[PDB]
Structure formats: C-alpha cells, structure tokens
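Peer 1: Contents of input.cif (mmCIF, C-alpha atoms and all ligand atoms) are below:
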data_work
loop_
_atom_site.label_atom_id
_atom_site.label_comp_id
_atom_site.auth_asym_id
_atom_site.auth_seq_id
_atom_site.Cartn_x
_atom_site.Cartn_y
_atom_site.Cartn_z
CA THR A 11 94.59 147.12 66.18
CA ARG A 12 98.38 146.78 65.83
CA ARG A 13 100.28 144.91 68.56
CA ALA A 14 103.86 145.49 69.70
CA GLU A 15 106.14 143.36 71.86
CA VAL A 16 108.91 145.31 73.59
CA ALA A 17 111.82 143.40 75.10
CA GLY A 18 113.58 145.38 77.82
CA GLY A 19 112.36 147.72 80.53
CA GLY A 20 115.16 150.27 80.34
CA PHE A 21 114.90 153.89 79.24
CA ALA A 22 114.75 152.88 75.56
CA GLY A 23 112.13 150.17 76.10
CA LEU A 24 109.84 152.38 78.19
CA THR A 25 110.20 155.22 75.69
CA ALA A 26 109.22 152.97 72.79
CA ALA A 27 106.32 151.40 74.70
CA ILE A 28 104.86 154.76 75.65
CA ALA A 29 105.36 156.28 72.19
CA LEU A 30 103.61 153.34 70.52
CA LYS A 31 100.79 153.22 73.07
CA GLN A 32 100.14 156.92 72.52
CA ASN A 33 99.65 156.16 68.80
CA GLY A 34 97.07 153.44 69.45
CA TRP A 35 99.18 150.27 69.54
CA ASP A 36 98.39 147.48 71.98
CA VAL A 37 101.73 147.08 73.73
CA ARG A 38 103.40 144.63 76.06
CA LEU A 39 106.82 145.25 77.56
CA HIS A 40 108.99 142.44 78.93
CA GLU A 41 111.45 142.97 81.80
CA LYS A 42 113.61 140.00 82.84
CA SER A 43 114.20 141.38 86.33
CA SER A 44 111.62 140.71 89.05
CA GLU A 45 111.19 144.45 89.50
CA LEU A 46 111.26 147.56 87.32
CA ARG A 47 114.34 149.62 88.14
CA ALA A 48 117.32 151.50 86.74
CA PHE A 49 120.99 151.31 87.70
CA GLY A 50 123.77 153.83 87.14
CA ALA A 51 123.15 156.31 89.97
CA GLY A 52 122.56 159.52 88.02
CA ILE A 53 122.03 160.72 84.47
CA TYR A 54 122.28 163.83 82.30
CA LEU A 55 119.53 164.71 79.84
CA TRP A 56 119.75 167.40 77.18
CA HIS A 57 117.34 169.32 74.96
CA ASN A 58 116.81 166.32 72.63
CA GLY A 59 115.94 163.96 75.49
CA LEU A 60 113.83 166.56 77.30
CA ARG A 61 111.80 166.93 74.12
CA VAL A 62 111.17 163.20 73.96
CA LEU A 63 109.86 163.41 77.53
CA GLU A 64 107.56 166.25 76.48
CA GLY A 65 106.43 164.13 73.55
CA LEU A 66 105.75 161.24 75.96
CA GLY A 67 103.81 163.36 78.43
CA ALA A 68 106.40 162.69 81.14
CA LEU A 69 108.36 165.96 81.21
CA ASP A 70 106.56 167.56 84.16
CA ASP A 71 107.28 164.71 86.58
CA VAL A 72 110.92 164.74 85.51
CA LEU A 73 111.50 168.49 85.82
CA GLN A 74 110.02 168.52 89.32
CA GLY A 75 112.78 167.07 91.49
CA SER A 76 115.60 167.38 88.95
CA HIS A 77 118.32 170.02 88.57
CA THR A 78 119.87 172.36 85.98
CA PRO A 79 123.30 173.61 87.17
CA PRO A 80 124.09 177.34 86.73
CA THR A 81 127.00 176.18 84.58
CA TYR A 82 129.01 173.15 83.45
CA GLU A 83 132.49 173.75 84.84
CA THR A 84 135.73 171.89 84.22
CA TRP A 85 138.82 171.70 86.43
CA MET A 86 142.30 170.43 85.65
CA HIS A 87 144.42 169.86 88.75
CA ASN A 88 141.94 171.99 90.72
CA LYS A 89 142.30 174.92 88.34
CA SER A 90 139.03 175.97 86.69
CA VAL A 91 139.66 175.87 82.93
CA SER A 92 136.16 176.55 81.63
CA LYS A 93 132.52 177.30 82.40
CA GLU A 94 130.02 176.72 79.62
CA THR A 95 126.24 177.22 79.47
CA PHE A 96 125.61 176.09 75.91
CA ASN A 97 123.92 179.32 74.75
CA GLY A 98 120.59 178.53 76.43
CA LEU A 99 120.50 174.89 75.30
CA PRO A 100 118.24 173.07 77.84
CA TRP A 101 119.75 170.31 80.00
CA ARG A 102 119.00 168.53 83.28
CA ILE A 103 120.65 166.25 85.85
CA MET A 104 118.65 163.61 87.76
CA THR A 105 118.97 160.27 89.51
CA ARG A 106 118.15 157.32 87.27
CA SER A 107 115.34 156.30 89.61
CA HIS A 108 113.69 159.69 89.16
CA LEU A 109 113.68 159.34 85.37
CA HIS A 110 112.74 155.67 85.49
CA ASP A 111 109.72 156.32 87.73
CA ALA A 112 108.43 159.10 85.48
CA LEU A 113 108.54 156.71 82.51
CA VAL A 114 107.02 153.78 84.42
CA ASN A 115 104.16 155.82 85.89
CA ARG A 116 103.40 157.20 82.45
CA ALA A 117 103.45 153.74 80.87
CA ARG A 118 101.06 152.45 83.52
CA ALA A 119 98.72 155.41 83.14
CA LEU A 120 98.51 154.66 79.41
CA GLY A 121 97.67 151.00 79.85
CA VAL A 122 100.97 149.51 78.71
CA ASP A 123 101.12 145.86 79.76
CA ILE A 124 104.30 145.32 81.78
CA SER A 125 105.52 141.80 82.49
CA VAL A 126 108.29 141.19 85.02
CA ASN A 127 110.36 138.00 85.22
CA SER A 128 109.80 137.95 81.47
CA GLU A 129 113.01 137.41 79.49
CA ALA A 130 113.06 137.47 75.69
CA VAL A 131 115.53 134.94 74.33
CA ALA A 132 114.78 135.17 70.61
CA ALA A 133 112.97 137.19 67.97
CA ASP A 134 111.78 136.19 64.52
CA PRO A 135 111.76 138.84 61.73
CA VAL A 136 108.33 137.51 60.76
CA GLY A 137 106.93 138.83 64.04
CA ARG A 138 107.56 136.26 66.77
CA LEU A 139 109.16 136.72 70.19
CA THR A 140 110.32 133.74 72.24
CA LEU A 141 110.61 133.93 76.01
CA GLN A 142 113.08 132.05 78.20
CA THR A 143 110.25 129.69 79.21
CA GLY A 144 109.68 128.69 75.60
CA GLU A 145 106.44 130.62 75.15
CA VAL A 146 106.16 132.21 71.69
CA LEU A 147 104.38 135.51 71.18
CA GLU A 148 103.14 136.93 67.87
CA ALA A 149 103.09 140.64 67.07
CA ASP A 150 103.18 143.14 64.20
CA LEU A 151 106.28 144.79 65.65
CA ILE A 152 109.06 143.52 67.90
CA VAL A 153 111.32 146.00 69.66
CA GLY A 154 114.68 144.82 70.92
CA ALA A 155 115.55 147.14 73.82
CA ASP A 156 117.43 144.63 75.94
CA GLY A 157 120.73 146.53 76.27
CA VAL A 158 124.27 145.32 75.70
CA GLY A 159 124.37 141.56 75.20
CA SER A 160 120.96 141.83 73.54
CA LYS A 161 119.60 138.31 73.07
CA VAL A 162 117.04 139.61 70.59
CA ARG A 163 119.84 141.03 68.45
CA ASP A 164 122.05 137.95 68.74
CA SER A 165 119.21 135.55 67.87
CA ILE A 166 118.94 137.18 64.46
CA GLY A 167 122.58 137.99 63.83
CA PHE A 168 123.91 141.45 62.98
CA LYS A 169 127.44 142.39 61.86
CA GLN A 170 128.83 144.13 64.92
CA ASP A 171 131.82 146.36 65.69
CA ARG A 172 132.54 145.85 69.39
CA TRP A 173 134.99 147.53 71.77
CA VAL A 174 135.36 147.35 75.54
CA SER A 175 136.75 149.97 77.90
CA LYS A 176 139.55 148.66 80.11
CA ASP A 177 138.91 151.47 82.59
CA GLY A 178 135.68 152.26 84.38
CA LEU A 179 134.18 154.18 87.26
CA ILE A 180 132.16 154.08 90.44
CA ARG A 181 128.87 155.99 90.18
CA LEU A 182 127.07 156.89 93.41
CA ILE A 183 124.24 158.95 94.87
CA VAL A 184 125.11 160.71 98.14
CA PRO A 185 123.68 163.62 100.18
CA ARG A 186 124.56 167.14 98.96
CA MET A 187 126.20 168.09 102.29
CA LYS A 188 126.15 171.60 100.81
CA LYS A 189 126.73 173.49 104.05
CA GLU A 190 129.69 171.28 104.97
CA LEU A 191 131.27 172.08 101.59
CA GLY A 192 131.67 175.72 102.58
CA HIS A 193 132.60 178.47 100.13
CA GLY A 194 132.24 177.60 96.45
CA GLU A 195 129.85 177.07 93.52
CA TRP A 196 128.48 173.73 94.69
CA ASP A 197 125.36 173.79 92.51
CA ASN A 198 127.55 173.63 89.40
CA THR A 199 128.37 170.51 87.48
CA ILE A 200 132.13 170.18 88.00
CA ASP A 201 134.30 167.74 86.05
CA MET A 202 137.44 167.52 88.19
CA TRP A 203 140.35 166.11 86.16
CA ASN A 204 143.75 165.02 87.51
CA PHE A 205 146.76 163.27 85.96
CA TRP A 206 149.19 164.04 88.80
CA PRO A 207 150.15 162.70 91.29
CA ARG A 208 147.96 160.01 89.77
CA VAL A 209 145.08 159.62 87.33
CA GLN A 210 141.89 160.27 89.30
CA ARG A 211 138.81 162.16 88.17
CA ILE A 212 135.46 163.01 89.75
CA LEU A 213 132.35 164.17 87.91
CA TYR A 214 130.39 166.21 90.46
CA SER A 215 126.69 166.47 89.50
CA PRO A 216 123.91 167.84 91.78
CA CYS A 217 120.55 166.13 91.10
CA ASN A 218 118.40 168.31 93.33
CA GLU A 219 118.62 169.87 96.79
CA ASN A 220 118.99 166.48 98.50
CA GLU A 221 120.96 164.22 96.18
CA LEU A 222 124.42 164.45 94.66
CA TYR A 223 125.56 162.24 91.78
CA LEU A 224 129.26 161.38 91.90
CA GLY A 225 131.39 159.64 89.32
CA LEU A 226 134.76 158.47 90.63
CA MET A 227 137.10 157.48 87.84
CA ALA A 228 140.44 155.75 88.28
CA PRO A 229 142.37 153.27 86.09
CA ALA A 230 141.46 149.58 86.42
CA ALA A 231 145.14 148.98 87.20
CA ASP A 232 144.82 151.19 90.29
CA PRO A 233 144.11 148.76 93.16
CA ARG A 234 143.16 151.59 95.52
CA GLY A 235 141.29 153.99 93.25
CA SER A 236 139.05 151.37 91.63
CA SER A 237 138.12 149.41 94.76
CA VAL A 238 134.62 149.28 96.29
CA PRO A 239 133.54 150.29 98.87
CA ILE A 240 135.70 153.26 97.91
CA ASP A 241 139.16 153.61 99.45
CA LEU A 242 138.32 156.83 101.30
CA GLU A 243 141.91 157.97 101.93
CA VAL A 244 142.92 157.89 98.25
CA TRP A 245 139.95 160.02 97.17
CA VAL A 246 140.02 162.56 100.00
CA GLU A 247 143.74 163.05 99.33
CA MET A 248 143.18 164.39 95.80
CA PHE A 249 139.73 165.85 96.43
CA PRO A 250 139.87 167.21 100.02
CA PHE A 251 137.19 169.83 99.29
CA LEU A 252 134.69 166.96 98.87
CA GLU A 253 135.56 165.12 102.07
CA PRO A 254 132.06 165.54 103.58
CA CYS A 255 130.48 163.89 100.52
CA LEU A 256 133.23 161.29 100.11
CA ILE A 257 132.72 160.24 103.73
CA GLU A 258 129.11 159.43 102.83
CA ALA A 259 130.16 157.63 99.65
CA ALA A 260 132.51 155.40 101.64
CA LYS A 261 129.50 154.01 103.52
CA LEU A 262 127.83 152.59 100.40
CA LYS A 263 128.68 148.88 100.52
CA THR A 264 126.79 148.36 97.28
CA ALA A 265 129.05 150.58 95.14
CA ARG A 266 130.40 149.01 91.95
CA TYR A 267 133.24 149.68 89.53
CA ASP A 268 131.68 149.53 86.07
CA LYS A 269 133.36 149.48 82.67
CA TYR A 270 131.51 149.73 79.37
CA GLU A 271 131.42 148.62 75.75
CA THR A 272 130.51 150.32 72.48
CA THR A 273 128.39 148.86 69.67
CA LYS A 274 127.93 149.75 66.00
CA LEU A 275 125.79 147.52 63.79
CA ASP A 276 125.45 147.08 60.03
CA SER A 277 121.75 147.86 60.51
CA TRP A 278 119.11 148.15 63.23
CA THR A 279 116.25 146.30 61.56
CA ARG A 280 115.30 142.89 60.20
CA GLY A 281 111.73 142.33 59.04
CA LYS A 282 109.36 143.42 61.80
CA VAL A 283 112.21 143.66 64.31
CA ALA A 284 113.82 146.93 65.38
CA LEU A 285 116.78 147.35 67.76
CA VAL A 286 116.93 150.43 70.01
CA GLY A 287 119.22 151.81 72.68
CA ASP A 288 122.39 150.07 73.82
CA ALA A 289 121.47 146.87 71.97
CA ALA A 290 121.88 148.91 68.80
CA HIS A 291 124.36 151.68 69.56
CA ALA A 292 126.03 151.69 72.99
CA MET A 293 128.62 154.50 72.97
CA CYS A 294 131.34 156.12 75.09
CA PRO A 295 129.89 158.29 77.92
CA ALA A 296 131.85 161.47 77.03
CA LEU A 297 128.96 163.50 75.56
CA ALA A 298 126.30 162.05 77.89
CA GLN A 299 124.14 161.15 74.90
CA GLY A 300 123.72 157.41 75.34
CA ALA A 301 120.21 157.59 76.76
CA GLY A 302 119.52 160.74 74.77
CA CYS A 303 120.00 159.09 71.39
CA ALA A 304 118.26 155.95 72.63
CA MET A 305 115.09 157.88 73.48
CA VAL A 306 115.20 159.97 70.31
CA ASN A 307 115.50 156.77 68.26
CA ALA A 308 112.79 154.94 70.19
CA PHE A 309 110.49 157.96 69.80
CA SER A 310 111.31 158.43 66.11
CA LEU A 311 110.44 154.78 65.50
CA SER A 312 106.86 155.41 66.62
CA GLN A 313 106.71 158.40 64.25
CA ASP A 314 107.79 156.50 61.13
CA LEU A 315 105.22 153.83 61.95
CA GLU A 316 102.48 156.42 61.39
CA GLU A 317 103.10 156.88 57.65
CA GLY A 318 100.67 154.23 56.44
CA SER A 319 103.33 151.92 55.02
CA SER A 320 104.13 148.37 56.09
CA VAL A 321 106.07 147.85 59.31
CA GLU A 322 109.02 146.42 57.37
CA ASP A 323 109.23 149.49 55.14
CA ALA A 324 108.61 151.86 58.04
CA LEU A 325 111.57 150.35 59.89
CA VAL A 326 114.14 150.85 57.14
CA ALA A 327 112.86 154.40 56.59
CA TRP A 328 113.25 154.99 60.33
CA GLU A 329 116.91 153.98 60.33
CA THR A 330 117.68 155.91 57.16
CA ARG A 331 116.17 159.06 58.64
CA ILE A 332 117.41 159.03 62.24
CA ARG A 333 120.58 156.91 62.27
CA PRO A 334 123.11 159.50 61.00
CA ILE A 335 122.62 161.66 64.11
CA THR A 336 123.57 158.73 66.37
CA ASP A 337 126.52 157.51 64.29
CA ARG A 338 128.11 160.96 64.32
CA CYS A 339 127.50 161.42 68.04
CA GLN A 340 128.91 157.96 68.81
CA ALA A 341 132.02 158.68 66.74
CA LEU A 342 132.76 162.08 68.28
CA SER A 343 132.15 160.69 71.75
CA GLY A 344 134.60 157.93 70.85
CA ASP A 345 137.28 160.46 69.93
CA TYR A 346 136.70 162.54 73.06
CA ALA A 347 136.96 159.47 75.28
CA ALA A 348 140.16 158.21 73.67
CA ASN A 349 141.95 161.57 73.73
CA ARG A 350 140.52 162.67 77.09
CA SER A 351 139.42 165.83 75.23
CA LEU A 352 137.00 166.84 78.00
CA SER A 353 140.00 167.55 80.26
CA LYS A 354 140.81 170.61 78.15
CA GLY A 355 137.47 172.31 78.76
CA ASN A 356 135.30 174.24 76.29
CA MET A 357 134.79 171.01 74.38
CA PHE A 358 131.01 171.22 74.01
CA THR A 359 131.36 172.78 70.58
CA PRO A 360 128.61 173.06 67.95
CA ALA A 361 129.60 169.67 66.54
CA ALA A 362 129.69 167.96 69.94
CA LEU A 363 126.27 169.45 70.78
CA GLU A 364 124.73 168.33 67.47
CA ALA A 365 122.65 165.46 68.87
CA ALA A 366 121.59 167.55 71.88
CA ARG A 367 120.31 170.33 69.58
CA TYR A 368 118.05 167.96 67.64
CA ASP A 369 114.33 168.34 68.37
CA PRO A 370 112.60 165.02 67.57
CA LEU A 371 109.14 166.58 67.88
CA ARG A 372 109.52 169.10 65.05
CA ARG A 373 112.33 167.08 63.45
CA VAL A 374 114.68 170.03 63.15
CA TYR A 375 117.78 171.34 64.94
CA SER A 376 117.37 174.10 67.54
CA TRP A 377 119.32 176.29 69.97
CA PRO A 378 122.05 177.33 67.51
CA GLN A 379 125.55 177.62 68.93
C1 LIG B 1 129.51 155.38 83.00
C2 LIG B 1 128.35 155.70 82.10
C3 LIG B 1 127.73 157.00 82.22
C4 LIG B 1 126.62 157.35 81.38
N1 LIG B 1 126.01 158.63 81.49
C5 LIG B 1 124.92 159.02 80.67
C6 LIG B 1 124.31 160.30 80.78
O1 LIG B 1 124.71 161.11 81.62
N2 LIG B 1 123.24 160.65 79.93
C7 LIG B 1 122.75 159.76 78.96
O2 LIG B 1 121.83 160.08 78.22
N3 LIG B 1 123.33 158.49 78.84
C8 LIG B 1 124.40 158.10 79.67
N4 LIG B 1 125.00 156.80 79.54
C9 LIG B 1 124.45 155.82 78.51
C10 LIG B 1 123.15 155.19 79.09
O3 LIG B 1 123.41 154.57 80.35
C11 LIG B 1 122.52 154.14 78.14
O4 LIG B 1 122.59 154.55 76.80
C12 LIG B 1 121.02 153.84 78.46
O5 LIG B 1 120.71 153.97 79.84
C13 LIG B 1 120.71 152.42 78.04
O6 LIG B 1 119.46 152.33 77.40
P1 LIG B 1 118.70 150.91 77.27
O7 LIG B 1 117.37 151.04 77.96
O8 LIG B 1 118.61 150.55 75.84
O9 LIG B 1 119.69 149.87 78.04
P2 LIG B 1 119.38 149.04 79.42
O10 LIG B 1 119.88 150.23 80.14
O11 LIG B 1 120.22 148.08 80.21
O12 LIG B 1 118.08 148.22 78.82
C14 LIG B 1 117.81 146.83 78.99
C15 LIG B 1 116.93 146.50 80.20
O13 LIG B 1 116.14 145.37 79.87
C16 LIG B 1 116.39 144.26 80.72
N5 LIG B 1 116.79 143.09 79.88
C17 LIG B 1 118.05 142.71 79.47
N6 LIG B 1 117.95 141.59 78.72
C18 LIG B 1 116.65 141.25 78.63
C19 LIG B 1 115.97 140.20 77.98
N7 LIG B 1 116.66 139.31 77.29
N8 LIG B 1 114.56 140.10 78.07
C20 LIG B 1 113.81 141.04 78.80
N9 LIG B 1 114.50 142.09 79.45
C21 LIG B 1 115.90 142.19 79.36
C22 LIG B 1 117.45 144.67 81.74
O14 LIG B 1 117.00 144.50 83.07
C23 LIG B 1 117.77 146.12 81.40
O15 LIG B 1 117.53 147.00 82.48
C24 LIG B 1 126.12 156.41 80.38
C25 LIG B 1 126.76 155.10 80.27
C26 LIG B 1 127.86 154.74 81.10
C27 LIG B 1 128.47 153.36 80.92
#
Could you rewrite the structure in this file as structure tokens?
Ligand SMILES: Cc1cc2nc3c(=O)[nH]c(=O)nc-3n(C[C@H](O)[C@H](O)[C@H](O)COP(=O)(O)OP(=O)(O)OC[C@H]3O[C@@H](n4cnc5c(N)ncnc54)[C@H](O)[C@@H]3O)c2cc1C

Peer 2:
Amino acid sequence: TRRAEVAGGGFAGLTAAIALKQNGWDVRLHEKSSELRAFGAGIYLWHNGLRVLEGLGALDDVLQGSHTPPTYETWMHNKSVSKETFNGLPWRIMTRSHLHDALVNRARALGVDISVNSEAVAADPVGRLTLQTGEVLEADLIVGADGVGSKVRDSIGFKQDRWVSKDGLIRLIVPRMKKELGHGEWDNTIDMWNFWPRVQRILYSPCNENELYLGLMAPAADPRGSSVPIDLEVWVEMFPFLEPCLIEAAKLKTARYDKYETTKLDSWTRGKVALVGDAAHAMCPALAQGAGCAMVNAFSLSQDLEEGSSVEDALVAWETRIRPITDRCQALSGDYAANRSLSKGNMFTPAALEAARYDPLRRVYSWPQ
C-alpha cells in the first residue's frame, strides 16, 4: 500500500489528502496550527472547484448552507455598469469555515490521519519529510501544501518569481441585515468601485441567509481606510447604503488588513515531492481562482498517480498536463489586478472564465461562453 505525507491543512492539502485516500493511499496530513481552521472570511468557488468537491464526495455539504447570487453586478461610483451570469456557468459563495468543515469532515470519514501541531520543515525528493521536532518520516509521495512561505518548497530550492501587493483589504463576515438594507437587489454579488473622492472599494458577497462576506479595499497609504477595527465614518461616507452592515463590521476587533504575494515557479516537482496551492502558484485575487486552481491541481495529481507509472514520472506528467491552465489564469488575473480591469464591468470574458470552465472530472472544458 502506497503512503503519502501531506504538509499543510489548507484547502489544497485537504483536497490532496482526500483525493489520494479515495484511491487507496494511506495518508497523513500535517497541520502546524493547534487546530484545523481557515482564515479569509469568505470565498468564491466556480464550476471547476465545485466539480472537485463532487469528485471528493464533499459537494452536498458545501451546497447546503452556501449561496449562488442571481447575478454578479458591478458598480462604478454607485452606477451599475454590468450584470453578468456567465451563461449558466455554476458558481457559489461561502464562508471559508463552511468549505473547510466540509473538507475536514470528509477527510475524517475516509480515515485520513490528521496531525495538529505538526510542522514540516523540510522534504527530501527521495521521499522523506522532516518535522520541526526533528522527526523524519518516509513516504512514497510528499505533498507540499504549506502555502506562501512554503518550508517544503524552500528546503529543496525552486527558481521563483515573486511579487508582493503594496495594497490589501479587510475581509469580514457580518450579518446580512437584509431588511435594514431596504429596497435593492441585496442577494446579488456587488463589486462597488470608487476612485473619487478617494479610492475605496467594497466587494459585497452574500454567503447564505445569515452571513454576508465583505471585502473592504483601500490603499495602504490611506491611514483611515486601511485601519482595523474599521474606521466606520470613512466607509459609511462612501457606502451609506451599507451602513447597517458596516455598523456590525465596526464591532469586529479581530479584523485584519491583509496584502498578498504572487508566486510562479520553474517547476512544481522534484523526485517524489509535489507542490500544490499557494506554495506553488499564489496569484492575484481578481478572478477568484486561487483556491479553484489549487483544488483542481491537487485533484489532478491524484489522477496522474493512477496510471501505473512511478511516482517521479507521474509527477512530471501531472505538471505537464495541468499546469498551463493555472499559468494562463495567473497571468490574466495579474493583468486585471494591475489595470483594475474589473472596475469596467463585463470582464468575465471567455478567456477570463477559462479556468472556471475546466471540468477536472472529465478533463474537458464545459459551459461554453
Ligand atoms: C484577498 C484574497 C481573496 C481571495 N479570494 C478567493 C476566492 O474568492 N476564491 C478562490 O478560489 N480563491 C481566493 N483566493 C486565493 C486563496 O485564498 C488561496 O489560493 C487558497 O486558499 C490557498 O490554498 P492553500 O491551502 O495551498 O494555502 P494555505 O491557505 O495557507 O495552506 C497552508 C496551511 O498549512 C499550514 N502550514 C503552513 N506551513 C506549514 C508547515 N510548514 N507545516 C505544516 N503546516 C503548515 C497553515 O496553517 C495553512 O493554513 C484569495 C486570496 C486573497 C489574498
């Protein structure tokens, strides 16, 4: 029986663990934190990621308690500039805890061995994983799913193109306060852009009937807009129609202003070691495909490992097959981010929706645009 060691309990790590377990691997997943949990408030999932969930046997628990807006609307200075529904292309909004729990319950039901307070500090291409305590573990496959700053990746050494965003945002989960919002289309996803009187943007995303996912974006150089707890006055001023929700957001003393970095590597494999998720391809958040590609890649890895070839050969075949979809998505997302293309509306074109249209289960592209 083949054994796999997965470093990282994030969406990519859980996806890989479950996919491998389903194919008969003995699997152990290592999470450095003392508890299994996800940060980031909310998250968007598209057709490609929803298919992975179906392939993992975790779709049902995710759909129940999640939300699909009637439309994805964009505003520029409070003027609606577009409403797109992606020609039937499936998508869903949910809190990260909701998605994380579905994956963790599924992993537990399958018998995946989860170790907390277990931090991987090094990986050997020959099939060895070293923990922070010094303990060395041997396996037939090592999966590096430890996010940005990946110690597994850095212990082997990959050529890396790195970039860091000077500006960030505050992501929060607050009550819907739907009735207090009054007249409007408050079940819609609404990306509210503003450049005047100042640069402030809010991504409004309902997760279900009780929770609302908000993304408050302001320049790092803005002392008021980027502060946490949020500076209520400055947000209500440019988004008065959301005052009821903003009032609730101002009470979250745990809010944080997060920035991000992007990563592109020369390769994702080395011997029996495979890198997945952020550790391998963190990207700009514009297309909301970070977790989507991560899960597709983690799931595809388990597929290529079922061809009867050696793990080393399976890994390079995996990257050759699946990598182009991620590279292209990462690049386009990079362009959108830099040029603030989403502020124009109608930007979810066929090209931008390429990764979302991919169906990892049948390995073909669906929902034509
Ligand atoms: C502002 C913003 C908005 C985004 N919105 C979306 C969206 O709407 N939809 C979408 O699909 N994607 C989105 N993304 C991208 C998405 O967040 C990531 O791609 C994905 O969640 C990360 O996958 P991961 O599991 O590989 O990373 P992680 O998320 O961090 O995986 C690593 C986990 O392993 C643990 N760990 C770290 N080091 C070690 C170690 N050495 N040993 C053991 N364990 C370790 C950590 O506790 C960590 O939780 C967004 C990103 C940003 C910055």

Peer 1: Could you please determine the separation between atom CA of residue A:281 and atom CA of residue A:322 in Å, to one decimal place?

Peer 2: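 Computed distance, atom CA of residue A:281 to atom CA of residue A:322, equals 5.2 Å.
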
Peer 1: In Å to one decimal, how far is atom CA of residue A:70 from atom CA of residue A:29?

Peer 2: 16.5 Å

Peer 1: Using all atoms listed in the file, which residues sit within 8 Å of residue A:106 once same-chain residues fewer than 6 positions away are excluded, as a PyMOL selection string?

Peer 2: chain A and resi 48-53

Peer 1: By how many Å are atom CA of residue A:124 and atom CA of residue A:149 apart?

Peer 2: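 Atom-to-atom, atom CA of residue A:124 to atom CA of residue A:149, that is 15.5 Å.
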
Peer 1: Pick from A:301, A:112, A:55, A:180: nearest to residue A:71, with all atoms listed in the file counted?

Peer 2: A:112

Peer 1: Within 9 Å of stretch 268-273 of chain A, counting only C-alpha atoms, which residues qualify if same-chain residues fewer than 5 places away don't, as a list in words?

Peer 2: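 Once the nearby chain positions are removed, what remains is residues 158, 170, 171, 172, 173, 174, 175, 176, 177, 178, 179, 180, 181, 230, 288, 289, 290, 291, 292, 293, 294, 295, 340 and 344 of chain A.
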
Peer 1: List the spatial neighbours of stretch 146-148 of chain A as number ranges by chain - criterion: any atom at most 10 Å away, all atoms listed in the file, same-chain residues fewer than 4 positions off excluded.

Peer 2: A: 13-15, 130, 132-134, 136-142, 152

Peer 1: Which centre and which edge lengths, in Å to one decimal, describe the axis-aligned box that holds all listed atoms of ligand LIG 1 (chain B) after 6 Å is added on each side, as JSON?

Peer 2:
{"center_x": 121.7, "center_y": 150.2, "center_z": 79.5, "size_x": 27.7, "size_y": 33.8, "size_z": 19.2}
